[PDB]
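Asker: Below is one structure. I have some questions about it.
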Amino acid sequence: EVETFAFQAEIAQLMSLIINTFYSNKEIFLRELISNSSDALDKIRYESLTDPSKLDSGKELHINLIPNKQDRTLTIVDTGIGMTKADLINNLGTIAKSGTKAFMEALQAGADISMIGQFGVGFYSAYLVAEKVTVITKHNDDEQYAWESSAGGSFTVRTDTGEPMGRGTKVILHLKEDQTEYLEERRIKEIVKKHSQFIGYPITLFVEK
Ligand SMILES: NC(=O)c1ccc(F)c(Cl)c1
């Protein structure tokens, strides 16, 4: 049972512009997704301060980076607050319509593309490097769901029958054929050190056989 949704026009426009604009500084996608994971971890930590049972679904607060050269995927896993089905449909818990408008207005006023995260829509920078993005998420108040989009104006949501995650979000980047540098250990390490060196949660870069 798969549900197919249209992106709001403004979000489809932002994704088309991310996909089609010439812009060499693609590595910022990883900073943006790690920052999103850190924000989601902050949220579940705050909730746990007054309700410890919020961590019954998992006490560890961390971020894992999992490259897979056979699948040509880079997966960013966090154990943050996760998203409900309603969150996924509502632009993955973002105010993407007004954020896109502000990002657009800022670019006309002299902001840089790398500033996308200041406008709450840093997630969509994934499409700088990914032809398809799958988001697996589990929120304490809902079931496990899979969101997926190859852009082109639509996304899908289905119940996820795969590996239970407990709580958190898994962003699976199906990389473009010419973007496989982001599967190399030394390249990922360089980007994390350059852009994410002060994130307040452990970031573990997995290695491969
Ligand atoms: N207008 C642009 O060239 C532009 C604006 C925002 C973006 F995220 C990108 Cl990649 C390009």
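Following the order of the structure tokens, first chain is A, next is B, and so on, with residues numbered from 1 inside each chain and ligands from 1 in the order they appear.
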Please check which protein, DNA or RNA residues sit within 6 Å of ligand 1, counting only C-alpha atoms and all ligand atoms, and write them as a PyMOL selection string.

Answerer: chain A and resi 17-18+21+23+113

Asker: Extract the full set of alpha helix (DSSP H) residues from segment 22-146 of chain A according to DSSP on the backbone, and format it as a ChimeraX atom specification.

Answerer: /A:28-50,85-89,96-108

Asker: Tell me which protein, DNA and RNA residues are within 12 Å of residue 123 of chain A, counting only C-alpha atoms, leaving out same-chain ones fewer than 4 positions away, and put them as a PyMOL selection string.

Answerer: chain A and resi 11+14-15+18+28-37+76+91-96+99-100+116-119+127-130+133-135+171-173

Asker: Include N, CA, C and O atoms and write out the residues we just selected as a compact mmCIF listing (two decimals), in the first residue's frame.

Answerer:
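Listed below is the output, again-v2.txt:
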```txt
# COMPACT_ATOMS: atom_id res chain seq x y z
N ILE A 11 8.09 23.80 -3.52
CA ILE A 11 9.12 22.83 -3.17
C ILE A 11 9.63 22.13 -4.42
O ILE A 11 10.83 21.87 -4.56
N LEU A 14 12.09 24.45 -5.90
CA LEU A 14 13.38 24.41 -5.20
C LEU A 14 14.18 23.18 -5.59
O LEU A 14 15.40 23.26 -5.81
N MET A 15 13.52 22.02 -5.66
CA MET A 15 14.25 20.80 -6.03
C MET A 15 14.76 20.86 -7.46
O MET A 15 15.89 20.44 -7.73
N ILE A 18 17.80 22.96 -7.44
CA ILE A 18 18.96 22.26 -6.86
C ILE A 18 19.53 21.27 -7.86
O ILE A 18 20.75 21.08 -7.95
N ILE A 28 28.27 20.34 0.62
CA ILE A 28 27.51 20.89 1.74
C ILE A 28 26.30 20.04 2.09
O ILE A 28 25.73 20.22 3.17
N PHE A 29 25.88 19.13 1.20
CA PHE A 29 24.73 18.28 1.52
C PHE A 29 24.95 17.55 2.83
O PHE A 29 24.01 17.35 3.61
N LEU A 30 26.19 17.12 3.09
CA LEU A 30 26.42 16.29 4.27
C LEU A 30 26.34 17.12 5.54
O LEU A 30 25.77 16.67 6.54
N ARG A 31 26.90 18.33 5.50
CA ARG A 31 26.73 19.27 6.61
C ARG A 31 25.26 19.49 6.92
O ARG A 31 24.86 19.53 8.09
N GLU A 32 24.44 19.65 5.88
CA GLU A 32 23.04 19.98 6.11
C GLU A 32 22.30 18.81 6.73
O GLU A 32 21.46 19.00 7.62
N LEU A 33 22.58 17.59 6.28
CA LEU A 33 21.89 16.43 6.84
C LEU A 33 22.36 16.13 8.25
O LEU A 33 21.56 15.73 9.11
N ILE A 34 23.66 16.30 8.51
CA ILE A 34 24.16 16.11 9.87
C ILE A 34 23.56 17.16 10.80
O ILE A 34 23.19 16.86 11.94
N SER A 35 23.41 18.39 10.31
CA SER A 35 22.79 19.42 11.13
C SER A 35 21.33 19.07 11.43
O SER A 35 20.85 19.26 12.55
N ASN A 36 20.62 18.54 10.43
CA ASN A 36 19.24 18.11 10.66
C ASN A 36 19.20 17.00 11.70
O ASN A 36 18.30 16.98 12.56
N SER A 37 20.13 16.06 11.63
CA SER A 37 20.17 14.99 12.62
C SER A 37 20.45 15.56 14.01
O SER A 37 19.82 15.15 14.99
N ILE A 76 22.70 8.26 6.25
CA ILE A 76 22.91 9.05 7.47
C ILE A 76 21.84 8.62 8.46
O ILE A 76 20.65 8.84 8.23
N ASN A 91 6.31 17.96 4.31
CA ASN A 91 7.67 18.35 3.93
C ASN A 91 8.70 17.95 4.99
O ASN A 91 9.59 18.72 5.34
N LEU A 92 8.57 16.72 5.49
CA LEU A 92 9.53 16.15 6.43
C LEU A 92 9.73 17.05 7.65
O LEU A 92 10.85 17.28 8.11
N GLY A 93 8.62 17.55 8.18
CA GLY A 93 8.65 18.32 9.41
C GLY A 93 9.21 19.72 9.28
O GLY A 93 9.58 20.32 10.29
N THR A 94 9.28 20.26 8.07
CA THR A 94 9.85 21.58 7.83
C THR A 94 8.76 22.55 7.40
O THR A 94 7.67 22.16 6.99
N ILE A 95 9.07 23.84 7.51
CA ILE A 95 8.21 24.88 6.95
C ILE A 95 8.72 25.23 5.56
O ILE A 95 9.09 26.38 5.27
N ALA A 96 8.72 24.23 4.68
CA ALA A 96 9.45 24.35 3.42
C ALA A 96 8.87 25.42 2.51
O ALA A 96 9.62 26.03 1.74
N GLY A 99 10.07 28.69 4.02
CA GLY A 99 11.52 28.62 3.97
C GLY A 99 12.07 28.79 2.56
O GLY A 99 13.06 29.50 2.35
N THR A 100 11.44 28.13 1.58
CA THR A 100 11.85 28.31 0.19
C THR A 100 11.69 29.76 -0.24
O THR A 100 12.57 30.31 -0.92
N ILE A 116 21.55 27.53 2.42
CA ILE A 116 20.23 26.89 2.37
C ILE A 116 19.75 26.49 3.77
O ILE A 116 18.56 26.63 4.09
N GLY A 117 20.65 26.01 4.63
CA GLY A 117 20.23 25.52 5.93
C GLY A 117 19.66 26.59 6.85
O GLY A 117 18.88 26.26 7.75
N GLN A 118 20.03 27.85 6.64
CA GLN A 118 19.51 28.95 7.45
C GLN A 118 18.02 29.18 7.21
O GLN A 118 17.40 29.94 7.97
N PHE A 119 17.45 28.55 6.20
CA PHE A 119 16.06 28.76 5.81
C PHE A 119 15.22 27.51 6.02
O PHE A 119 14.09 27.44 5.53
N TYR A 127 19.69 16.43 -3.00
CA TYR A 127 19.56 16.22 -4.44
C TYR A 127 20.70 16.85 -5.22
O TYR A 127 20.72 16.76 -6.45
N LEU A 128 21.67 17.46 -4.53
CA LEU A 128 22.93 17.82 -5.17
C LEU A 128 23.72 16.58 -5.57
O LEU A 128 24.45 16.60 -6.56
N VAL A 129 23.58 15.50 -4.80
CA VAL A 129 24.38 14.31 -5.03
C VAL A 129 23.54 13.05 -5.26
O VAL A 129 24.08 12.06 -5.79
N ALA A 130 22.26 13.05 -4.91
CA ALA A 130 21.44 11.85 -4.98
C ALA A 130 20.43 11.95 -6.11
O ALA A 130 19.78 12.98 -6.29
N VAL A 133 16.22 9.69 -2.99
CA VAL A 133 16.42 9.75 -1.55
C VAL A 133 15.30 8.97 -0.89
O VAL A 133 14.12 9.18 -1.21
N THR A 134 15.67 8.07 0.01
CA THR A 134 14.72 7.31 0.82
C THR A 134 14.91 7.73 2.28
O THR A 134 16.04 7.80 2.76
N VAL A 135 13.81 8.02 2.96
CA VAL A 135 13.85 8.42 4.36
C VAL A 135 13.02 7.41 5.16
O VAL A 135 11.81 7.30 4.95
N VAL A 171 18.39 8.52 6.47
CA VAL A 171 18.34 9.15 5.14
C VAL A 171 19.26 8.37 4.22
O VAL A 171 20.49 8.36 4.42
N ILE A 172 18.69 7.72 3.21
CA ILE A 172 19.43 6.88 2.28
C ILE A 172 19.59 7.66 0.98
O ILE A 172 18.60 7.92 0.28
N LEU A 173 20.83 8.03 0.65
CA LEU A 173 21.14 8.77 -0.57
C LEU A 173 21.56 7.78 -1.64
O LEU A 173 22.62 7.16 -1.53
```

Asker: Run DSSP on the backbone and grab whatever in segment 108-194 of chain A lands in strand (DSSP E or B); send it over as an MDAnalysis selection string.

Answerer: chainID A and resid 130:138 145:149 154:159 168:175

Asker: Skipping near chain neighbours, those fewer than 3 positions away, what residues fall within 12 Å of residue 67 of chain A using only C-alpha atoms, listed as a PyMOL selection string?

Answerer: chain A and resi 64+70-77+171-175+180-189+204-209

Asker: Which residues come within 12 Å of residue 198 of chain A, counting only C-alpha atoms, excluding same-chain residues fewer than 3 positions away, as an MDAnalysis selection string?

Answerer: chainID A and resid 31 34:35 38 192:195 201:203

Asker: How many Å lie between atom CA of residue 145 of chain A and atom CA of residue 158 of chain A, rounded to one decimal?

Answerer: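 Taking atom CA of residue 145 of chain A as the start and atom CA of residue 158 of chain A as the end point, the length is 5.8 Å.
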
Asker: With only C-alpha atoms as the atoms that count, which of A:153, A:200, A:122, A:166 lies nearest to residue 137 of chain A?

Answerer: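 When distances to residue 137 of chain A are compared using only C-alpha atoms, the smallest one comes from A:166.
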
Asker: Using only C-alpha atoms, find each residue of segment 149-184 of chain A with at least one atom at most 10 Å away from an atom of segment 49-58 of chain A; report its shortest atom-to-atom pair and that distance in Å (one decimal), sort the rows by chain and rising residue number, and return the result as JSON lines.

Answerer:
```
{"residue": "A:165", "atom": "CA", "partner": "A:57", "partner_atom": "CA", "distance": 8.9}
{"residue": "A:166", "atom": "CA", "partner": "A:57", "partner_atom": "CA", "distance": 5.2}
{"residue": "A:167", "atom": "CA", "partner": "A:57", "partner_atom": "CA", "distance": 5.8}
{"residue": "A:168", "atom": "CA", "partner": "A:58", "partner_atom": "CA", "distance": 9.1}
```

Asker: Can you pull out the residues contacting residue 147 of chain A? Cut-off 12 Å, using only C-alpha atoms, and skip same-chain residues under 6 positions away; I want them as an MDAnalysis selection string.

Answerer: chainID A and resid 2:5 83:92 132:138 154:160 169:172
